[PDB]
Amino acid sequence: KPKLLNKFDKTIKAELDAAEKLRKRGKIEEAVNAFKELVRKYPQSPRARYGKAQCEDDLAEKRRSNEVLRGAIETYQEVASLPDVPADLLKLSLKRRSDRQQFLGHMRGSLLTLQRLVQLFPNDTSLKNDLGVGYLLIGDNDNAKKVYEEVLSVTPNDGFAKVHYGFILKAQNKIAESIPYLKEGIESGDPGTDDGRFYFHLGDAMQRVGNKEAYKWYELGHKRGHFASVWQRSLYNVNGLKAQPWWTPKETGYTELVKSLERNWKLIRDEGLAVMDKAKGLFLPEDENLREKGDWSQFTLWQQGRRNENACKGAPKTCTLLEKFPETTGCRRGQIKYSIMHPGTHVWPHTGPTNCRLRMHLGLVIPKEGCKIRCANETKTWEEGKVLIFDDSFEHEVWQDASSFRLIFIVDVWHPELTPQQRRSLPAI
(Lines of atoms letter the chains of each structure in order from A and count residues from 1; the text may use other names and numbers.)
(Lines give C-alpha, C1' and ligand atoms only; values in the text may rest on other atoms or scores of the structure.)
Protein backbone atom coordinates (compact mmCIF):
# COMPACT_ATOMS: atom_id res chain seq x y z
CA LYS A 1 0.00 0.00 0.00
CA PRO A 2 2.55 2.64 1.05
CA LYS A 3 4.73 3.78 -1.86
CA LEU A 4 8.20 4.54 -0.52
CA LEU A 5 10.34 4.46 -3.69
CA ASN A 6 10.91 7.50 -5.88
CA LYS A 7 12.01 7.15 -9.52
CA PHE A 8 15.68 6.44 -8.78
CA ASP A 9 15.01 4.16 -5.80
CA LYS A 10 12.90 1.99 -8.09
CA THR A 11 16.05 1.33 -10.13
CA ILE A 12 17.87 -0.09 -7.08
CA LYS A 13 14.90 -1.85 -5.46
CA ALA A 14 16.82 -5.15 -5.37
CA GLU A 15 19.68 -3.78 -3.27
CA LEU A 16 17.22 -1.93 -1.04
CA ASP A 17 15.03 -5.00 -0.45
CA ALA A 18 18.11 -7.15 0.22
CA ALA A 19 19.25 -4.81 3.00
CA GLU A 20 15.77 -4.46 4.49
CA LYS A 21 15.46 -8.24 4.49
CA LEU A 22 18.49 -8.51 6.78
CA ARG A 23 16.90 -6.02 9.18
CA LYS A 24 13.69 -8.04 9.45
CA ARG A 25 15.70 -11.19 10.19
CA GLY A 26 16.94 -9.47 13.35
CA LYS A 27 20.49 -9.40 12.01
CA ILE A 28 20.37 -5.65 12.62
CA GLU A 29 24.15 -5.49 12.79
CA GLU A 30 25.04 -6.34 9.19
CA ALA A 31 21.88 -4.54 8.05
CA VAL A 32 23.30 -1.24 9.35
CA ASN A 33 26.38 -1.80 7.22
CA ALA A 34 24.27 -2.84 4.25
CA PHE A 35 22.24 0.38 4.40
CA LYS A 36 25.32 2.50 5.16
CA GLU A 37 26.92 1.06 2.03
CA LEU A 38 23.81 1.98 0.06
CA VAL A 39 23.85 5.49 1.54
CA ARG A 40 27.47 5.98 0.47
CA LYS A 41 26.76 4.62 -3.01
CA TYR A 42 23.45 6.45 -3.37
CA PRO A 43 23.73 9.50 -1.09
CA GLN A 44 20.40 10.90 -2.29
CA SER A 45 18.34 7.72 -1.92
CA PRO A 46 15.48 8.39 0.53
CA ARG A 47 14.76 4.68 0.97
CA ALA A 48 18.39 3.83 1.75
CA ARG A 49 18.53 6.66 4.27
CA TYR A 50 15.30 5.50 5.90
CA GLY A 51 16.75 2.02 6.15
CA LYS A 52 19.81 3.39 7.93
CA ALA A 53 17.48 5.26 10.31
CA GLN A 54 15.32 2.22 11.06
CA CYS A 55 18.42 0.11 11.73
CA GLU A 56 19.82 2.77 14.06
CA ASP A 57 16.37 2.73 15.66
CA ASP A 58 16.50 -1.03 16.25
CA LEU A 59 20.11 -0.82 17.43
CA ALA A 60 18.97 1.73 20.02
CA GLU A 61 16.42 -0.83 21.19
CA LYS A 62 19.00 -3.61 21.46
CA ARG A 63 21.77 -1.53 23.04
CA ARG A 64 19.30 0.67 24.96
CA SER A 65 21.39 3.70 23.97
CA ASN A 66 20.07 7.26 24.02
CA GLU A 67 23.07 8.36 21.95
CA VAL A 68 22.39 6.05 19.01
CA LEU A 69 18.66 6.80 19.15
CA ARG A 70 19.67 10.45 18.97
CA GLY A 71 21.56 9.45 15.83
CA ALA A 72 18.51 7.67 14.43
CA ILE A 73 16.45 10.79 15.11
CA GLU A 74 18.87 12.80 12.97
CA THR A 75 18.84 10.19 10.22
CA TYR A 76 15.03 10.32 10.14
CA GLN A 77 15.44 14.08 9.65
CA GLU A 78 17.97 13.46 6.90
CA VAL A 79 15.37 11.46 4.97
CA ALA A 80 13.07 14.48 4.87
CA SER A 81 15.89 16.70 3.60
CA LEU A 82 16.70 14.64 0.51
CA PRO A 83 15.22 15.48 -2.90
CA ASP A 84 12.11 13.85 -4.36
CA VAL A 85 10.99 12.02 -1.19
CA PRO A 86 7.72 10.10 -1.61
CA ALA A 87 4.91 11.51 0.55
CA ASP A 88 4.30 8.23 2.39
CA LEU A 89 8.00 7.93 3.27
CA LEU A 90 8.30 11.57 4.34
CA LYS A 91 5.35 11.19 6.69
CA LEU A 92 6.52 7.86 8.14
CA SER A 93 10.05 9.10 8.79
CA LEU A 94 9.06 12.36 10.49
CA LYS A 95 6.30 10.67 12.48
CA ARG A 96 8.83 8.21 13.87
CA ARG A 97 11.23 11.09 14.51
CA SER A 98 8.60 12.77 16.70
CA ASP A 99 7.69 9.54 18.47
CA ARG A 100 11.32 8.88 19.40
CA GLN A 101 11.88 12.52 20.33
CA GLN A 102 9.00 12.21 22.82
CA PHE A 103 10.50 8.98 24.15
CA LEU A 104 13.71 10.85 24.99
CA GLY A 105 11.70 13.73 26.46
CA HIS A 106 12.68 16.19 23.72
CA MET A 107 9.08 17.40 23.76
CA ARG A 108 10.05 20.83 22.41
CA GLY A 109 11.95 19.17 19.57
CA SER A 110 8.99 16.88 18.96
CA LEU A 111 6.66 19.87 18.68
CA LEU A 112 8.69 21.45 15.89
CA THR A 113 8.60 18.14 14.00
CA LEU A 114 4.84 17.83 14.45
CA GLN A 115 4.37 21.44 13.37
CA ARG A 116 6.43 20.66 10.29
CA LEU A 117 4.37 17.54 9.56
CA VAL A 118 1.15 19.56 9.72
CA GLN A 119 2.67 22.25 7.51
CA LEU A 120 3.67 19.60 4.97
CA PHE A 121 0.35 17.72 5.09
CA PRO A 122 -2.32 20.35 5.84
CA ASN A 123 -5.24 17.98 5.15
CA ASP A 124 -4.04 15.11 7.34
CA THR A 125 -6.32 15.15 10.38
CA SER A 126 -4.35 12.52 12.30
CA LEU A 127 -1.24 14.72 12.23
CA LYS A 128 -3.16 17.67 13.65
CA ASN A 129 -4.28 15.34 16.43
CA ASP A 130 -0.68 14.21 17.02
CA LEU A 131 0.31 17.86 17.27
CA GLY A 132 -2.39 18.21 19.92
CA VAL A 133 -0.81 15.38 21.91
CA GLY A 134 2.53 17.13 21.58
CA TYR A 135 1.11 20.23 23.24
CA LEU A 136 -0.51 18.12 25.96
CA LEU A 137 2.77 16.37 26.79
CA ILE A 138 4.54 19.69 27.48
CA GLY A 139 1.68 21.05 29.58
CA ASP A 140 0.43 23.51 26.96
CA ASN A 141 -3.30 22.89 27.17
CA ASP A 142 -4.17 26.30 25.68
CA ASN A 143 -2.45 25.52 22.37
CA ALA A 144 -3.66 21.92 22.60
CA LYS A 145 -7.24 23.16 22.95
CA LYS A 146 -6.88 25.34 19.85
CA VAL A 147 -5.59 22.43 17.77
CA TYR A 148 -8.56 20.20 18.59
CA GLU A 149 -10.96 23.09 18.04
CA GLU A 150 -9.38 23.53 14.61
CA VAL A 151 -9.74 19.81 13.90
CA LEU A 152 -13.35 19.74 15.10
CA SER A 153 -14.33 22.74 12.97
CA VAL A 154 -13.36 20.70 9.90
CA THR A 155 -14.06 17.17 11.18
CA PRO A 156 -16.78 17.28 13.91
CA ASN A 157 -17.04 13.46 14.02
CA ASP A 158 -13.37 12.84 14.77
CA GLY A 159 -13.50 10.81 17.98
CA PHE A 160 -9.84 11.29 18.88
CA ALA A 161 -10.31 15.06 18.75
CA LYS A 162 -13.49 14.79 20.81
CA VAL A 163 -12.07 12.73 23.71
CA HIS A 164 -9.03 14.99 23.86
CA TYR A 165 -11.12 18.14 23.67
CA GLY A 166 -13.32 16.73 26.41
CA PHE A 167 -10.23 15.86 28.46
CA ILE A 168 -8.99 19.45 28.18
CA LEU A 169 -12.42 20.85 29.05
CA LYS A 170 -12.62 18.71 32.16
CA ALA A 171 -9.09 19.70 33.17
CA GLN A 172 -10.38 23.27 32.97
CA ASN A 173 -13.29 22.41 35.29
CA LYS A 174 -15.76 22.74 32.43
CA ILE A 175 -17.47 19.62 33.77
CA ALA A 176 -20.85 19.83 32.05
CA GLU A 177 -19.26 20.89 28.75
CA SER A 178 -16.78 18.02 28.80
CA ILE A 179 -19.20 15.12 29.23
CA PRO A 180 -20.69 14.89 25.71
CA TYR A 181 -17.23 15.19 24.12
CA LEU A 182 -15.74 12.46 26.31
CA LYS A 183 -18.83 10.26 25.87
CA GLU A 184 -19.27 10.64 22.09
CA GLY A 185 -15.51 10.37 21.72
CA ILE A 186 -15.19 7.01 23.47
CA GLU A 187 -18.36 5.84 21.72
CA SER A 188 -16.77 6.59 18.33
CA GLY A 189 -14.40 3.66 18.78
CA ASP A 190 -11.86 5.56 16.68
CA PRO A 191 -8.26 4.50 17.29
CA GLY A 192 -6.82 6.13 20.41
CA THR A 193 -10.19 6.71 22.08
CA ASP A 194 -10.17 3.47 24.09
CA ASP A 195 -7.95 4.93 26.82
CA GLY A 196 -8.39 4.64 30.59
CA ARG A 197 -7.94 8.39 30.98
CA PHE A 198 -11.20 9.15 29.20
CA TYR A 199 -13.22 6.51 31.04
CA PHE A 200 -11.75 7.81 34.29
CA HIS A 201 -12.60 11.44 33.66
CA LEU A 202 -15.98 10.87 32.02
CA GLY A 203 -17.33 9.02 35.04
CA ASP A 204 -15.80 11.59 37.37
CA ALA A 205 -17.38 14.48 35.46
CA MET A 206 -20.68 12.59 35.66
CA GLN A 207 -20.31 12.05 39.40
CA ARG A 208 -19.76 15.78 39.94
CA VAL A 209 -22.99 16.67 38.10
CA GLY A 210 -25.05 13.97 39.82
CA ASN A 211 -25.39 11.81 36.72
CA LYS A 212 -25.86 8.30 38.15
CA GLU A 213 -24.70 6.82 34.82
CA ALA A 214 -21.11 7.35 35.98
CA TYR A 215 -20.47 3.85 37.30
CA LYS A 216 -21.74 2.31 34.06
CA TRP A 217 -18.66 3.84 32.43
CA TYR A 218 -16.39 2.73 35.27
CA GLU A 219 -17.78 -0.78 34.80
CA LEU A 220 -17.02 -0.60 31.08
CA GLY A 221 -13.50 0.73 31.63
CA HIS A 222 -12.97 -2.23 33.95
CA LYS A 223 -14.36 -4.65 31.37
CA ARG A 224 -11.94 -3.23 28.79
CA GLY A 225 -8.96 -3.63 31.13
CA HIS A 226 -8.32 0.00 32.09
CA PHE A 227 -9.21 -0.29 35.79
CA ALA A 228 -8.28 -3.03 38.26
CA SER A 229 -11.85 -2.70 39.49
CA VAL A 230 -14.82 -0.36 39.51
CA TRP A 231 -13.65 1.02 42.89
CA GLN A 232 -9.90 1.08 42.18
CA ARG A 233 -9.31 3.23 39.09
CA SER A 234 -5.63 4.23 39.23
CA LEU A 235 -3.90 4.13 35.82
CA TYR A 236 -0.23 3.67 36.78
CA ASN A 237 -0.24 0.23 38.33
CA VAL A 238 1.81 -2.85 39.07
CA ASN A 239 -0.72 -5.62 38.48
CA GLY A 240 -1.24 -8.14 41.28
CA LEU A 241 -0.60 -6.00 44.37
CA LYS A 242 -2.91 -6.76 47.31
CA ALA A 243 -5.93 -4.49 46.82
CA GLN A 244 -8.04 -3.35 49.77
CA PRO A 245 -9.42 0.08 50.79
CA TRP A 246 -8.25 0.05 54.42
CA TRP A 247 -5.03 -1.38 55.90
CA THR A 248 -3.93 -2.10 59.48
CA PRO A 249 -0.34 -1.22 60.49
CA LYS A 250 0.53 -4.92 60.90
CA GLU A 251 -0.86 -5.65 57.42
CA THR A 252 1.51 -3.07 55.90
CA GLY A 253 4.53 -4.36 57.83
CA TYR A 254 5.61 -0.76 58.47
CA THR A 255 5.02 -1.09 62.21
CA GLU A 256 8.21 0.76 63.18
CA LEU A 257 7.20 3.79 61.13
CA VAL A 258 3.72 3.80 62.64
CA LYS A 259 5.16 3.50 66.16
CA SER A 260 7.43 6.47 65.51
CA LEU A 261 4.64 8.64 64.12
CA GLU A 262 2.32 7.86 67.01
CA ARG A 263 4.96 8.12 69.74
CA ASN A 264 6.29 11.44 68.42
CA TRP A 265 3.07 12.91 67.09
CA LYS A 266 3.15 16.08 69.19
CA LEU A 267 6.50 17.30 67.81
CA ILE A 268 5.08 16.77 64.32
CA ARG A 269 1.93 18.70 65.26
CA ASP A 270 3.87 21.51 66.90
CA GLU A 271 6.10 22.14 63.88
CA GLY A 272 3.02 22.14 61.67
CA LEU A 273 1.31 24.69 63.89
CA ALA A 274 4.44 26.84 63.95
CA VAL A 275 4.43 26.95 60.14
CA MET A 276 0.72 27.79 60.16
CA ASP A 277 1.43 30.66 62.54
CA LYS A 278 4.77 32.02 61.31
CA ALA A 279 5.04 30.88 57.67
CA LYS A 280 1.57 30.00 56.40
CA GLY A 281 2.66 30.69 52.83
CA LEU A 282 4.43 27.33 52.89
CA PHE A 283 0.97 25.75 52.83
CA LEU A 284 -0.13 25.68 49.19
CA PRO A 285 -3.79 25.34 48.18
CA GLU A 286 -4.78 21.98 46.69
CA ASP A 287 -4.44 22.49 42.92
CA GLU A 288 -5.85 19.36 41.27
CA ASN A 289 -9.48 20.53 41.09
CA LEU A 290 -10.55 18.03 43.76
CA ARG A 291 -12.67 20.41 45.85
CA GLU A 292 -16.37 21.10 45.41
CA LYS A 293 -15.92 23.88 47.97
CA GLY A 294 -13.94 25.03 50.99
CA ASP A 295 -10.30 25.54 51.91
CA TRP A 296 -7.64 22.84 51.73
CA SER A 297 -3.87 23.39 51.68
CA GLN A 298 -0.79 21.23 51.98
CA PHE A 299 2.78 21.78 53.14
CA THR A 300 5.05 19.25 51.44
CA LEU A 301 8.30 17.89 52.90
CA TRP A 302 8.97 15.09 50.37
CA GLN A 303 7.68 14.50 46.86
CA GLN A 304 8.81 11.92 44.30
CA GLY A 305 11.27 10.72 46.93
CA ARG A 306 13.05 14.08 47.00
CA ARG A 307 13.43 16.06 50.21
CA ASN A 308 12.38 19.70 49.94
CA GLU A 309 15.29 21.33 51.74
CA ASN A 310 13.61 24.68 52.34
CA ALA A 311 10.36 23.10 53.55
CA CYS A 312 12.30 20.90 55.97
CA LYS A 313 13.84 24.00 57.51
CA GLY A 314 10.29 24.75 58.66
CA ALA A 315 9.87 21.31 60.19
CA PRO A 316 13.47 20.25 60.94
CA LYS A 317 12.70 17.75 63.72
CA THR A 318 9.93 16.09 61.74
CA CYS A 319 12.22 15.75 58.71
CA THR A 320 15.01 14.34 60.89
CA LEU A 321 12.57 11.81 62.36
CA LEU A 322 11.45 10.70 58.90
CA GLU A 323 14.98 10.31 57.46
CA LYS A 324 15.10 6.98 59.30
CA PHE A 325 12.33 5.49 57.14
CA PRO A 326 13.30 5.03 53.46
CA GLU A 327 10.00 3.20 52.89
CA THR A 328 8.44 6.68 52.79
CA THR A 329 11.31 9.11 52.08
CA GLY A 330 12.25 6.88 49.14
CA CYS A 331 8.68 6.50 47.89
CA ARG A 332 9.01 8.13 44.47
CA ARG A 333 5.28 7.65 43.83
CA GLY A 334 4.17 9.38 47.02
CA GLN A 335 4.67 12.40 49.25
CA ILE A 336 5.17 13.45 52.85
CA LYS A 337 3.07 16.48 53.70
CA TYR A 338 0.99 18.32 56.25
CA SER A 339 -2.63 18.71 55.19
CA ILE A 340 -4.94 21.36 56.64
CA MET A 341 -8.65 21.47 55.89
CA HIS A 342 -11.18 24.02 57.16
CA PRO A 343 -14.95 23.89 57.78
CA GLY A 344 -17.26 24.08 54.77
CA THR A 345 -15.01 21.83 52.70
CA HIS A 346 -16.10 18.92 50.53
CA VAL A 347 -13.55 17.03 48.44
CA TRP A 348 -15.12 15.28 45.46
CA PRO A 349 -14.86 11.51 45.18
CA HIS A 350 -11.48 10.94 43.54
CA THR A 351 -8.72 8.44 42.95
CA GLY A 352 -4.92 8.68 43.20
CA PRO A 353 -2.81 7.89 40.14
CA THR A 354 -1.07 4.67 41.24
CA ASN A 355 -1.65 1.43 43.16
CA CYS A 356 2.05 1.37 44.12
CA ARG A 357 1.67 3.41 47.31
CA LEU A 358 -0.30 3.25 50.52
CA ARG A 359 -1.22 6.42 52.35
CA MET A 360 -0.83 6.98 56.10
CA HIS A 361 -2.72 9.74 57.93
CA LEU A 362 -1.52 10.85 61.37
CA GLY A 363 -4.05 12.97 63.25
CA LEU A 364 -2.55 16.18 64.62
CA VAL A 365 -5.49 18.51 65.27
CA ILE A 366 -8.87 16.82 64.92
CA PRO A 367 -12.11 18.52 65.96
CA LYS A 368 -14.36 16.17 67.96
CA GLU A 369 -16.85 16.14 65.10
CA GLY A 370 -17.43 17.24 61.51
CA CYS A 371 -14.43 15.53 59.89
CA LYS A 372 -14.53 12.20 58.08
CA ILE A 373 -13.05 10.31 55.14
CA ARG A 374 -14.71 7.65 53.00
CA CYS A 375 -12.65 5.09 51.13
CA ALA A 376 -14.72 2.76 48.98
CA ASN A 377 -17.81 1.76 50.98
CA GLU A 378 -16.37 2.61 54.43
CA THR A 379 -16.19 5.97 56.20
CA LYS A 380 -13.77 6.61 59.06
CA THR A 381 -12.59 9.41 61.35
CA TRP A 382 -9.13 10.59 62.39
CA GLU A 383 -7.77 10.58 65.94
CA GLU A 384 -5.07 12.82 67.38
CA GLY A 385 -1.83 10.85 67.67
CA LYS A 386 -3.23 7.90 65.71
CA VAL A 387 -2.47 6.58 62.24
CA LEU A 388 -5.04 5.63 59.61
CA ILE A 389 -3.91 3.73 56.51
CA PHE A 390 -5.79 3.43 53.22
CA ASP A 391 -5.10 2.76 49.55
CA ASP A 392 -5.90 6.05 47.82
CA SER A 393 -6.03 4.31 44.44
CA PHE A 394 -9.53 3.39 45.65
CA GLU A 395 -12.23 6.05 45.29
CA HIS A 396 -12.27 8.22 48.40
CA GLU A 397 -14.11 11.32 49.60
CA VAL A 398 -13.64 13.88 52.39
CA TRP A 399 -15.81 16.28 54.43
CA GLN A 400 -14.94 19.05 56.89
CA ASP A 401 -17.94 20.45 58.77
CA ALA A 402 -16.32 21.19 62.12
CA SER A 403 -16.06 24.60 63.80
CA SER A 404 -12.29 24.92 63.51
CA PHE A 405 -9.36 23.67 61.44
CA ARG A 406 -8.34 20.02 60.97
CA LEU A 407 -4.65 19.20 60.59
CA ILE A 408 -3.26 15.80 59.57
CA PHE A 409 0.16 14.50 58.53
CA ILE A 410 0.27 12.43 55.35
CA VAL A 411 3.01 9.81 54.92
CA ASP A 412 3.05 7.72 51.73
CA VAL A 413 4.84 4.37 51.64
CA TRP A 414 5.64 1.90 48.87
CA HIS A 415 3.09 -0.88 48.59
CA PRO A 416 4.74 -3.51 50.83
CA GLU A 417 4.49 -6.32 48.25
CA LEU A 418 6.64 -4.28 45.85
CA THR A 419 10.11 -5.80 45.52
CA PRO A 420 13.27 -3.73 46.14
CA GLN A 421 13.99 -3.77 42.40
CA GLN A 422 10.49 -2.51 41.51
CA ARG A 423 10.94 0.25 44.09
CA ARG A 424 14.21 1.13 42.38
CA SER A 425 13.03 1.12 38.77
CA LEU A 426 9.43 2.43 38.72
CA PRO A 427 9.26 5.91 37.22
CA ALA A 428 8.44 8.67 39.69
CA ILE A 429 4.89 10.01 40.02
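Numbering starts at 1 and follows the sequence shown.
In this entry, 141 to 149 shows the higher mean Cα temperature factor of the pair 265 to 273 and 141 to 149. Looking at 218 to 226 and 87 to 95 together, the entry lists the larger mean B-factor for 218 to 226, computed on C-alpha atoms.
The residue among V154, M341, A311, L321 whose C-alpha atom has the highest B-factor in the PDB entry is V154. Based on the entry's C-alpha B-factors, the most elevated value among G210, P316, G132, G305 belongs to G210. Ranked by Cα temperature factor within the chain, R63 sits in the highest third according to the deposited record. In the PDB entry, a CA B factor belonging to the lowest third of its chain's modelled residues is recorded for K259.
Among all modelled residues in this chain, the alpha-carbon of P43 has a temperature factor (C-alpha) in the middle third. Per-chain ranking of the deposited C-alpha B factor places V32 in the highest third. The PDB entry assigns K13 a C-alpha temperature factor belonging to the highest third of its chain's modelled residues.
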